[PDB]
Amino acid sequence: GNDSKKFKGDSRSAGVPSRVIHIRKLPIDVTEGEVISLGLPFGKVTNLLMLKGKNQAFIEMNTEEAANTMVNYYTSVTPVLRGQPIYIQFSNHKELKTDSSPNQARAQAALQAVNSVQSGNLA
RNA sequence: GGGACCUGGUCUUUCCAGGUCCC
């Protein structure tokens, strides 16, 4: 039926079992909240890496259906941040990590603004 | 051989390819 061999895939293909998205030609003046904001209307986002020093970015969806729908819309449209359109496709990686730049400190902090409860009972 | 400038590719922060200018 509508089913297929979705058990494998890569960044140059679609239907990947991985929950990771990649963005190319990423703008410079753009921030961690923008890379999250383009993936939010597509489902829950639970990880993020800003690849500053390069025009690239990475994010992780909490669900495979959120990642599947995101690129399935972005496979026919190009997202834009601060008014600047840039390319997107699946990531070749699996689960978000950071191992090569201090820029990991800003990406792991921006996710807290998009996931905290911010309720008035806090102190 | 070196430097500067522009565009494209890109899979973890870069790297790579092409064009232009100067020594």
# chains A, B, ... in the order shown; residues from 1 in each chain; ligands from 1
>>> residues_around(residues="range 76-81 of chain A", least_positions_apart="6", cutoff="7 Å", atoms="only C-alpha atoms (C1' of nucleotides)", output="VMD selection string")
chain A and resid 30 34 87
>>> write_last_selection(atoms="C-alpha atoms", output="mmCIF file, in the first residue's frame")
data_model
loop_
_atom_site.group_PDB
_atom_site.id
_atom_site.type_symbol
_atom_site.label_atom_id
_atom_site.label_comp_id
_atom_site.auth_asym_id
_atom_site.auth_seq_id
_atom_site.Cartn_x
_atom_site.Cartn_y
_atom_site.Cartn_z
ATOM 1 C CA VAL A 30 19.840 34.349 12.077
ATOM 2 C CA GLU A 34 14.736 30.850 14.054
ATOM 3 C CA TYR A 87 17.764 25.089 1.560
#
>>> select_by_dssp(residues="chain A", states="helix (DSSP H, G or I)", output="NGL selection string")
:A and (32-37 or 64-74 or 104-113)
>>> write_last_selection(atoms="C-alpha atoms", output="PDB file, in the first residue's frame")
ATOM      1  CA  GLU A  32      18.860  29.596  17.445  1.00  0.00           C
ATOM      2  CA  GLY A  33      15.191  30.584  17.838  1.00  0.00           C
ATOM      3  CA  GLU A  34      14.736  30.850  14.054  1.00  0.00           C
ATOM      4  CA  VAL A  35      16.029  27.316  13.338  1.00  0.00           C
ATOM      5  CA  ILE A  36      13.502  26.132  15.940  1.00  0.00           C
ATOM      6  CA  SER A  37      10.680  28.371  14.642  1.00  0.00           C
ATOM      7  CA  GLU A  64       9.700  10.523  13.067  1.00  0.00           C
ATOM      8  CA  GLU A  65       6.327  11.759  11.757  1.00  0.00           C
ATOM      9  CA  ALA A  66       7.311  15.338  12.663  1.00  0.00           C
ATOM     10  CA  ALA A  67      10.566  14.943  10.720  1.00  0.00           C
ATOM     11  CA  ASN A  68       8.789  13.129   7.881  1.00  0.00           C
ATOM     12  CA  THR A  69       6.148  15.865   7.466  1.00  0.00           C
ATOM     13  CA  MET A  70       8.655  18.701   7.857  1.00  0.00           C
ATOM     14  CA  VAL A  71      10.850  17.733   4.890  1.00  0.00           C
ATOM     15  CA  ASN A  72       7.799  16.459   2.950  1.00  0.00           C
ATOM     16  CA  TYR A  73       6.575  20.084   2.915  1.00  0.00           C
ATOM     17  CA  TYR A  74      10.123  21.523   2.628  1.00  0.00           C
ATOM     18  CA  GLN A 104      27.189  24.142  21.480  1.00  0.00           C
ATOM     19  CA  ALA A 105      26.671  26.308  24.594  1.00  0.00           C
ATOM     20  CA  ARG A 106      24.207  28.673  22.857  1.00  0.00           C
ATOM     21  CA  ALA A 107      22.250  25.928  21.057  1.00  0.00           C
ATOM     22  CA  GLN A 108      21.724  23.917  24.268  1.00  0.00           C
ATOM     23  CA  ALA A 109      20.547  27.090  26.058  1.00  0.00           C
ATOM     24  CA  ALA A 110      18.086  28.349  23.410  1.00  0.00           C
ATOM     25  CA  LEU A 111      16.165  25.047  23.595  1.00  0.00           C
ATOM     26  CA  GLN A 112      15.381  25.819  27.248  1.00  0.00           C
ATOM     27  CA  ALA A 113      13.420  28.940  26.257  1.00  0.00           C
TER      28      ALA A 113
END
>>> interface_residues(of="chain B", to="chain A", cutoff="9 Å", atoms="only C-alpha atoms (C1' of nucleotides)", output="PyMOL selection string")
chain B and resi 10-14
>>> write_last_selection(atoms="N, CA, C and O atoms (P, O5', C5', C4', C3', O3' and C1' of nucleotides)", output="PDB file, in the first residue's frame")
ATOM      1  P     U B  10      25.244  20.016  -2.002  1.00  0.00           P
ATOM      2  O5'   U B  10      26.420  19.911  -0.906  1.00  0.00           O
ATOM      3  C5'   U B  10      27.404  18.899  -0.953  1.00  0.00           C
ATOM      4  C4'   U B  10      28.353  19.044   0.239  1.00  0.00           C
ATOM      5  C3'   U B  10      27.626  18.877   1.569  1.00  0.00           C
ATOM      6  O3'   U B  10      28.558  18.473   2.548  1.00  0.00           O
ATOM      7  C1'   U B  10      28.532  20.976   1.455  1.00  0.00           C
ATOM      8  P     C B  11      28.953  16.936   2.788  1.00  0.00           P
ATOM      9  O5'   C B  11      28.534  16.793   4.330  1.00  0.00           O
ATOM     10  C5'   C B  11      29.053  17.709   5.273  1.00  0.00           C
ATOM     11  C4'   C B  11      28.619  17.453   6.722  1.00  0.00           C
ATOM     12  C3'   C B  11      28.622  15.977   7.116  1.00  0.00           C
ATOM     13  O3'   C B  11      28.651  15.845   8.525  1.00  0.00           O
ATOM     14  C1'   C B  11      26.411  16.793   6.903  1.00  0.00           C
ATOM     15  P     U B  12      29.982  16.154   9.376  1.00  0.00           P
ATOM     16  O5'   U B  12      30.044  17.766   9.458  1.00  0.00           O
ATOM     17  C5'   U B  12      29.052  18.506  10.137  1.00  0.00           C
ATOM     18  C4'   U B  12      29.656  19.368  11.247  1.00  0.00           C
ATOM     19  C3'   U B  12      30.782  18.659  12.006  1.00  0.00           C
ATOM     20  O3'   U B  12      31.663  19.595  12.602  1.00  0.00           O
ATOM     21  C1'   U B  12      28.873  18.901  13.388  1.00  0.00           C
ATOM     22  P     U B  13      32.988  20.108  11.838  1.00  0.00           P
ATOM     23  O5'   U B  13      32.833  21.712  11.822  1.00  0.00           O
ATOM     24  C5'   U B  13      32.184  22.369  10.757  1.00  0.00           C
ATOM     25  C4'   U B  13      31.956  23.854  11.055  1.00  0.00           C
ATOM     26  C3'   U B  13      33.154  24.543  11.695  1.00  0.00           C
ATOM     27  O3'   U B  13      33.162  25.901  11.311  1.00  0.00           O
ATOM     28  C1'   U B  13      31.304  24.516  13.179  1.00  0.00           C
ATOM     29  P     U B  14      34.533  26.742  11.252  1.00  0.00           P
ATOM     30  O5'   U B  14      34.684  26.986   9.668  1.00  0.00           O
ATOM     31  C5'   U B  14      35.742  26.434   8.907  1.00  0.00           C
ATOM     32  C4'   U B  14      35.729  24.905   8.855  1.00  0.00           C
ATOM     33  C3'   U B  14      36.462  24.519   7.576  1.00  0.00           C
ATOM     34  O3'   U B  14      37.862  24.481   7.767  1.00  0.00           O
ATOM     35  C1'   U B  14      34.395  23.377   7.721  1.00  0.00           C
TER      36        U B  14
END
>>> select_by_dssp(residues="chain A", states="strand (DSSP E or B)", output="ChimeraX atom specification")
/A:20-24,45-50,56-61,80-81,84-85,87-90
>>> residues_around(residues="residue 2 in chain B", least_positions_apart="2", cutoff="12 Å", atoms="only C-alpha atoms (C1' of nucleotides)", output="list in words")
residues 4, 22 and 23 of chain B
>>> atom_distance(atom1="CA of residue 47 in chain A", atom2="CA of residue 10 in chain A")
19.0 Å
>>> closest_residue(among="A:20, A:88, A:123, A:61", to="residue 46 in chain A", atoms="only C-alpha atoms")
A:61
>>> atom_distance(atom1="CA of residue 48 in chain A", atom2="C1' of residue 16 in chain B")
25.9 Å
>>> atom_distance(atom1="CA of residue 16 in chain A", atom2="CA of residue 4 in chain A")
11.0 Å
>>> closest_residue(among="A:95, A:117, A:60, A:3", to="residue 15 in chain A", atoms="only C-alpha atoms")
A:3
>>> closest_residue(among="A:18, A:1, A:89, A:45", to="residue 59 in chain A", atoms="only C-alpha atoms")
A:45
>>> closest_residue(among="A:122, A:42, A:26, A:114", to="residue 84 in chain A", atoms="only C-alpha atoms")
A:26
>>> decode(residues="range 4-19 of chain B", atoms="N, CA and C atoms (P, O5', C5', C4', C3', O3' and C1' of nucleotides)", output="PDB file, in the first residue's frame")
ATOM      1  P     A B   4      43.908  37.034   2.103  1.00  0.00           P
ATOM      2  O5'   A B   4      43.257  38.114   1.100  1.00  0.00           O
ATOM      3  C5'   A B   4      43.216  39.487   1.435  1.00  0.00           C
ATOM      4  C4'   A B   4      42.581  40.287   0.296  1.00  0.00           C
ATOM      5  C3'   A B   4      41.157  39.849  -0.024  1.00  0.00           C
ATOM      6  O3'   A B   4      40.202  40.401   0.860  1.00  0.00           O
ATOM      7  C1'   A B   4      42.405  40.113  -2.000  1.00  0.00           C
ATOM      8  P     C B   5      38.748  39.732   1.028  1.00  0.00           P
ATOM      9  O5'   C B   5      38.056  39.907  -0.417  1.00  0.00           O
ATOM     10  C5'   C B   5      37.613  41.171  -0.866  1.00  0.00           C
ATOM     11  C4'   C B   5      37.034  41.061  -2.279  1.00  0.00           C
ATOM     12  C3'   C B   5      35.871  40.076  -2.375  1.00  0.00           C
ATOM     13  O3'   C B   5      34.651  40.629  -1.919  1.00  0.00           O
ATOM     14  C1'   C B   5      37.362  39.799  -4.188  1.00  0.00           C
ATOM     15  P     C B   6      33.428  39.677  -1.473  1.00  0.00           P
ATOM     16  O5'   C B   6      32.943  38.980  -2.844  1.00  0.00           O
ATOM     17  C5'   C B   6      32.201  39.699  -3.802  1.00  0.00           C
ATOM     18  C4'   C B   6      31.828  38.798  -4.978  1.00  0.00           C
ATOM     19  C3'   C B   6      31.078  37.541  -4.555  1.00  0.00           C
ATOM     20  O3'   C B   6      29.707  37.767  -4.304  1.00  0.00           O
ATOM     21  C1'   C B   6      32.735  37.033  -6.163  1.00  0.00           C
ATOM     22  P     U B   7      28.829  36.695  -3.479  1.00  0.00           P
ATOM     23  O5'   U B   7      28.725  35.432  -4.470  1.00  0.00           O
ATOM     24  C5'   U B   7      27.873  35.451  -5.595  1.00  0.00           C
ATOM     25  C4'   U B   7      28.022  34.169  -6.408  1.00  0.00           C
ATOM     26  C3'   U B   7      27.713  32.903  -5.619  1.00  0.00           C
ATOM     27  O3'   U B   7      26.330  32.649  -5.491  1.00  0.00           O
ATOM     28  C1'   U B   7      29.658  32.618  -6.922  1.00  0.00           C
ATOM     29  P     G B   8      25.777  31.585  -4.412  1.00  0.00           P
ATOM     30  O5'   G B   8      26.272  30.160  -4.972  1.00  0.00           O
ATOM     31  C5'   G B   8      25.643  29.555  -6.079  1.00  0.00           C
ATOM     32  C4'   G B   8      26.327  28.234  -6.438  1.00  0.00           C
ATOM     33  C3'   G B   8      26.302  27.208  -5.309  1.00  0.00           C
ATOM     34  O3'   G B   8      25.063  26.532  -5.218  1.00  0.00           O
ATOM     35  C1'   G B   8      28.444  27.331  -6.260  1.00  0.00           C
ATOM     36  P     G B   9      24.674  25.685  -3.904  1.00  0.00           P
ATOM     37  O5'   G B   9      25.697  24.445  -3.902  1.00  0.00           O
ATOM     38  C5'   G B   9      25.585  23.407  -4.851  1.00  0.00           C
ATOM     39  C4'   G B   9      26.749  22.437  -4.676  1.00  0.00           C
ATOM     40  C3'   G B   9      26.743  21.738  -3.319  1.00  0.00           C
ATOM     41  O3'   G B   9      25.967  20.557  -3.332  1.00  0.00           O
ATOM     42  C1'   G B   9      28.900  22.588  -3.834  1.00  0.00           C
ATOM     43  P     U B  10      25.244  20.016  -2.002  1.00  0.00           P
ATOM     44  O5'   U B  10      26.420  19.911  -0.906  1.00  0.00           O
ATOM     45  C5'   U B  10      27.404  18.899  -0.953  1.00  0.00           C
ATOM     46  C4'   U B  10      28.353  19.044   0.239  1.00  0.00           C
ATOM     47  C3'   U B  10      27.626  18.877   1.569  1.00  0.00           C
ATOM     48  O3'   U B  10      28.558  18.473   2.548  1.00  0.00           O
ATOM     49  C1'   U B  10      28.532  20.976   1.455  1.00  0.00           C
ATOM     50  P     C B  11      28.953  16.936   2.788  1.00  0.00           P
ATOM     51  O5'   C B  11      28.534  16.793   4.330  1.00  0.00           O
ATOM     52  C5'   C B  11      29.053  17.709   5.273  1.00  0.00           C
ATOM     53  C4'   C B  11      28.619  17.453   6.722  1.00  0.00           C
ATOM     54  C3'   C B  11      28.622  15.977   7.116  1.00  0.00           C
ATOM     55  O3'   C B  11      28.651  15.845   8.525  1.00  0.00           O
ATOM     56  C1'   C B  11      26.411  16.793   6.903  1.00  0.00           C
ATOM     57  P     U B  12      29.982  16.154   9.376  1.00  0.00           P
ATOM     58  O5'   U B  12      30.044  17.766   9.458  1.00  0.00           O
ATOM     59  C5'   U B  12      29.052  18.506  10.137  1.00  0.00           C
ATOM     60  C4'   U B  12      29.656  19.368  11.247  1.00  0.00           C
ATOM     61  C3'   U B  12      30.782  18.659  12.006  1.00  0.00           C
ATOM     62  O3'   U B  12      31.663  19.595  12.602  1.00  0.00           O
ATOM     63  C1'   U B  12      28.873  18.901  13.388  1.00  0.00           C
ATOM     64  P     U B  13      32.988  20.108  11.838  1.00  0.00           P
ATOM     65  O5'   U B  13      32.833  21.712  11.822  1.00  0.00           O
ATOM     66  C5'   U B  13      32.184  22.369  10.757  1.00  0.00           C
ATOM     67  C4'   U B  13      31.956  23.854  11.055  1.00  0.00           C
ATOM     68  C3'   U B  13      33.154  24.543  11.695  1.00  0.00           C
ATOM     69  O3'   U B  13      33.162  25.901  11.311  1.00  0.00           O
ATOM     70  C1'   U B  13      31.304  24.516  13.179  1.00  0.00           C
ATOM     71  P     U B  14      34.533  26.742  11.252  1.00  0.00           P
ATOM     72  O5'   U B  14      34.684  26.986   9.668  1.00  0.00           O
ATOM     73  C5'   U B  14      35.742  26.434   8.907  1.00  0.00           C
ATOM     74  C4'   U B  14      35.729  24.905   8.855  1.00  0.00           C
ATOM     75  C3'   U B  14      36.462  24.519   7.576  1.00  0.00           C
ATOM     76  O3'   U B  14      37.862  24.481   7.767  1.00  0.00           O
ATOM     77  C1'   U B  14      34.395  23.377   7.721  1.00  0.00           C
ATOM     78  P     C B  15      38.889  25.042   6.655  1.00  0.00           P
ATOM     79  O5'   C B  15      38.746  23.973   5.460  1.00  0.00           O
ATOM     80  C5'   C B  15      38.928  22.609   5.727  1.00  0.00           C
ATOM     81  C4'   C B  15      38.334  21.705   4.649  1.00  0.00           C
ATOM     82  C3'   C B  15      38.600  22.116   3.206  1.00  0.00           C
ATOM     83  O3'   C B  15      39.864  21.692   2.736  1.00  0.00           O
ATOM     84  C1'   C B  15      36.326  21.614   3.524  1.00  0.00           C
ATOM     85  P     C B  16      40.535  22.361   1.431  1.00  0.00           P
ATOM     86  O5'   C B  16      39.514  22.005   0.241  1.00  0.00           O
ATOM     87  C5'   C B  16      39.408  20.689  -0.254  1.00  0.00           C
ATOM     88  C4'   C B  16      38.237  20.585  -1.236  1.00  0.00           C
ATOM     89  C3'   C B  16      38.388  21.458  -2.473  1.00  0.00           C
ATOM     90  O3'   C B  16      39.241  20.886  -3.448  1.00  0.00           O
ATOM     91  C1'   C B  16      36.202  21.614  -1.608  1.00  0.00           C
ATOM     92  P     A B  17      39.888  21.794  -4.610  1.00  0.00           P
ATOM     93  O5'   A B  17      38.646  22.198  -5.550  1.00  0.00           O
ATOM     94  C5'   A B  17      38.093  21.277  -6.469  1.00  0.00           C
ATOM     95  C4'   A B  17      37.000  21.949  -7.303  1.00  0.00           C
ATOM     96  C3'   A B  17      37.481  23.205  -8.022  1.00  0.00           C
ATOM     97  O3'   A B  17      38.204  22.930  -9.204  1.00  0.00           O
ATOM     98  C1'   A B  17      35.377  23.563  -7.018  1.00  0.00           C
ATOM     99  P     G B  18      39.082  24.074  -9.921  1.00  0.00           P
ATOM    100  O5'   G B  18      38.001  25.140 -10.458  1.00  0.00           O
ATOM    101  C5'   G B  18      37.198  24.852 -11.584  1.00  0.00           C
ATOM    102  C4'   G B  18      36.219  25.997 -11.850  1.00  0.00           C
ATOM    103  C3'   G B  18      36.911  27.330 -12.109  1.00  0.00           C
ATOM    104  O3'   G B  18      37.405  27.456 -13.427  1.00  0.00           O
ATOM    105  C1'   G B  18      35.105  27.603 -10.625  1.00  0.00           C
ATOM    106  P     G B  19      38.497  28.579 -13.796  1.00  0.00           P
ATOM    107  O5'   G B  19      37.713  29.972 -13.599  1.00  0.00           O
ATOM    108  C5'   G B  19      36.732  30.393 -14.524  1.00  0.00           C
ATOM    109  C4'   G B  19      36.127  31.724 -14.082  1.00  0.00           C
ATOM    110  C3'   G B  19      37.150  32.852 -13.984  1.00  0.00           C
ATOM    111  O3'   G B  19      37.464  33.429 -15.236  1.00  0.00           O
ATOM    112  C1'   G B  19      35.719  32.851 -12.114  1.00  0.00           C
TER     113        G B  19
END
